[PDB]
Amino acid sequence: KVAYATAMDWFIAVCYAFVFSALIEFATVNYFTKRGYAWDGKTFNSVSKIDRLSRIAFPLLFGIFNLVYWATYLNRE
Amino acid sequence: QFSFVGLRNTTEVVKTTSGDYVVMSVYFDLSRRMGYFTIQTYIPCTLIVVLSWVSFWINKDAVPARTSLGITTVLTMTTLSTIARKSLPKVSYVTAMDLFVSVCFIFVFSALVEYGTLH
Ligand SMILES: CCCCCCCC/C=C/CCCCCCCC(=O)O[C@@H](COC(=O)CCCCCCCCCCCCCCC)COP(=O)([O-])OCC[N+](C)(C)C
Ligand SMILES: CCCCCCCC(=O)OC[C@H](COP(=O)(O)O[C@@H]1[C@H](O)[C@H](O)[C@@H](OP(=O)(O)O)[C@H](OP(=O)(O)O)[C@H]1O)OC(=O)CCCCCCC
Ligand SMILES: *[C@@H]1O[C@H](CO)[C@@H](O[C@@H]2O[C@H](CO)[C@@H](O[C@@H]3O[C@H](CO)[C@@H](O)[C@H](O)[C@@H]3O)[C@H](O)[C@H]2NC(C)=O)[C@H](O)[C@H]1NC(C)=O
Ligand SMILES: CCCCCCCCCCCC
Ligand SMILES: CCCCCCCCCCCC
Ligand SMILES: CCCCCCCC
Ligand SMILES: CCCCCCCC
Ligand SMILES: CCCCCCCC
Ligand SMILES: CCCCCCCC
Ligand SMILES: CCCCCCCC
Ligand SMILES: CCCCCCCC
C-alpha cells in the first residue's frame, strides 16, 4: 500500500480512460442509431461519422500517449 | 496506511491476581490515508456504477445489450464487494466501505430492475 499513484497506475488510468471513452463513444453512436435493422445486400444506417473519425482518432492519440509516457519515463535520470 | 500524529504516555496501577503492578503505556496516534483505497476500491466501484448508468442511454429495444450490461455490472459488483471485504478482517459489523459497496449494489441492481420494468 502507498498513498501515491505509481507510473503503472498512470498508464493503467489512461488506458482505463481510453476503454471508458470507447464505451462512451459507442453510447454516443447508439444515441444517433436511428434504425435497428442493418444493411441488406428503404434506408439503411450509414456508418456514423463518430465511428469513422474514432477509427483514426483513438489509435493515433493512444500512440501519441505511448510516445509521451515511454519517452518521459525511460529517459529519466 | 496511517500517518503518525503523535505520542502520549500514561502510568497507572493495574490490579490483578498476583498483585498491583505499575503499567506505563505509550499511545501512538495513527490516522488512516484512503488514497490507495480510493484507487483500489472506491474508484472501481464508481466506474462500474457509471457503467450501470450508461445502460439507460442504450436503446431499450436492445434486450440482450441491456440485460448483458446490467448482469455484467451487478456480478462484477459482487466480485468487487467480495475482494474489498477480503481486504478487511473477519468482523461482524458493517463499515463505511461496506456501506458504499452496498449503495453501489443498490444502484446497479436498481438499473437492472429499471430495465426489467421498462421491458
Ligand atoms: C495489434 C495490431 C493488430 C493488427 C491488425 C492488422 C491490421 C494492421 C494495420 C491495418 C491498416 C489499417 C487500415 C486498413 C483499412 C483500410 C481501409 C480503411 O478503412 O481506412 C479507413 C481510414 O481509417 C484508418 O485506416 C485508420 C487505421 C489506423 C491508423 C490510425 C493511425 C495510428 C497508427 C497506429 C500507430 C500508433 C500511433 C503512432 C503515432 C506516433 C478509411 O475508411 P474507408 O471506408 O475505407 O474510406 C473509404 C475508402 N477509401 C479509403 C479507399 C477512400
Ligand atoms: C459525451 C457527450 C457526447 C459528445 C460527443 C458529440 C459527438 C456527436 O454525437 O455528434 C454526432 C453528429 C452526427 O454523427 P452521426 O453520424 O453519428 O449521426 C448522423 C447524423 O444524425 C445525421 O444527421 C443523420 O442523417 P439525417 O440528417 O438524419 O438524415 C445520420 O443518420 P443516417 O444517414 O445514417 O441514417 C446519423 O447517423 O456529428 C458528427 O457528425 C460527428 C461529430 C464528430 C465526432 C467525433 C468525436 C470524437
Ligand atoms: C510523558 O510523561 C512525562 C512524565 O509523566 C510528562 O511530563 C510531565 O508533565 C507534567 C505536566 O506537563 C509536568 O508537571 C508540570 O511541570 C511543570 C514544570 O516543572 C510545572 O510548572 C507544572 O506546575 C507541573 O508540575 C511534569 O513535570 C512532567 N514530568 C517531568 C519529569 O518533568 C510528559 O508530558 C509526557 N508526555 C506526553 C504526555 O506527551
Ligand atoms: C483503478 C484506476 C482508475 C483511475 C481513474 C481512471 C479515470 C479514467 C476513466 C474516466 C474518464 C472517462
Ligand atoms: C478520442 C478521445 C480519447 C480520450 C481518452 C484519452 C485521455 C487522455 C488524453 C490523451 C493523452 C495524450
Ligand atoms: C455516457 C453517455 C454519453 C452520451 C450519450 C448521448 C449522446 C449525447
Ligand atoms: C505497434 C508496435 C509498437 C512497437 C514499438 C517499438 C518498441 C517495442
Ligand atoms: C507505437 C509507439 C510505441 C512506443 C514505443 C516506445 C518508445 C520509446
Ligand atoms: C472518490 C470516489 C467518489 C468520486 C466522486 C464521483 C461523483 C460522480
Ligand atoms: C453524460 C452527459 C451527456 C448526456 C446529456 C445529453 C443528452 C440529452
Ligand atoms: C424480483 C426481482 C425484480 C423483479 C422486477 C421486474 C419488473 C417489475
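Bear in mind these aren't lab numbers, they're just calculated from the coordinates by the rules spelled out. All Cβ positions, even for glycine, are placed from backbone atoms using ideal geometry, and neighbour counts span all protein chains on display.
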Looking only at B:11, B:76, B:67, which one moves most when chain B is put into a Gaussian network model with springs between Cα atoms under 10 Å?
B:11
Estimated FRET transfer efficiency (residue A:47, residue B:61; beta-carbon r; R0 22 Å; 0.05):
0.65
Reachable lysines from residue B:86, criterion Cα separation under 22 angstrom, eight or more residues apart if same chain:
A:1
Extending each Cα 7 Å along its Cβ direction at residue B:17 and residue A:74, get the distance between those two points in nm, one decimal.
7.0
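So what's the back-of-envelope 222 nm ellipticity for chain B, counting only DSSP H runs of four-plus at -39500 (n - 2.57) apiece and dividing by all residues, rounded to 500?
On the way: 3 runs with 59 residues, N = 119.
After summing the helix terms and dividing by residue count, I get -17000 deg cm²/dmol.
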Hey, quick one: spin label on residue B:4, modelled 7 Å out along Cα-Cβ, who in segment B:32-48 has an amide N within reach, i.e. under 18 Å?
B:32-33
Return, for the Cα atoms of chain A, the radius of gyration and Dmax in Å, separated by a comma.
18.2, 64
Relative to chain B, whose Cα atoms define the longest principal axis, helix B:96-118 and its Cα axis are tilted in degrees, nearest 10, by 10
Please rank A:65, A:26, fewest neighbouring Cβ atoms within 10 Å first, as an exposure proxy.
A:65, A:26
GNM on chain B, Cα springs under 10 Å; top mean-square fluctuation among B:28, B:105, B:56 goes to B:28
The protein assembly as shown - Rg over Rh from alpha carbon coordinates, Kirkwood radius
1.18
Please compute the length gained on full extension between residue B:40 and residue B:99, using 0.36 nm multiplied by the number of residues separating them and subtracting their Cα-Cα distance.
19.6 nm
Please compute, over every Cα-Cα pair in segment B:30-119, the percentage with a separation greater than 14 angstrom.
65
Mean separation of Cα contacts under 8 Å, 6 or more apart, over the residue count of chain B: relative contact order %
23
Here segment A:18-33 yields Karplus 3J(HN,Hα) values (6.51, -1.76, 1.60; θ = phi - 60°; whole Hz; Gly and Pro given as x) of 5, 5, 5, 5, 4, 4, 4, 5, 4, 4, 5, 5, 5, 4, 9, 6
Selected from B:91, B:26, B:54 as most flexible by GNM, with chain B as the system and alpha-carbon contacts under 10 Å
B:26
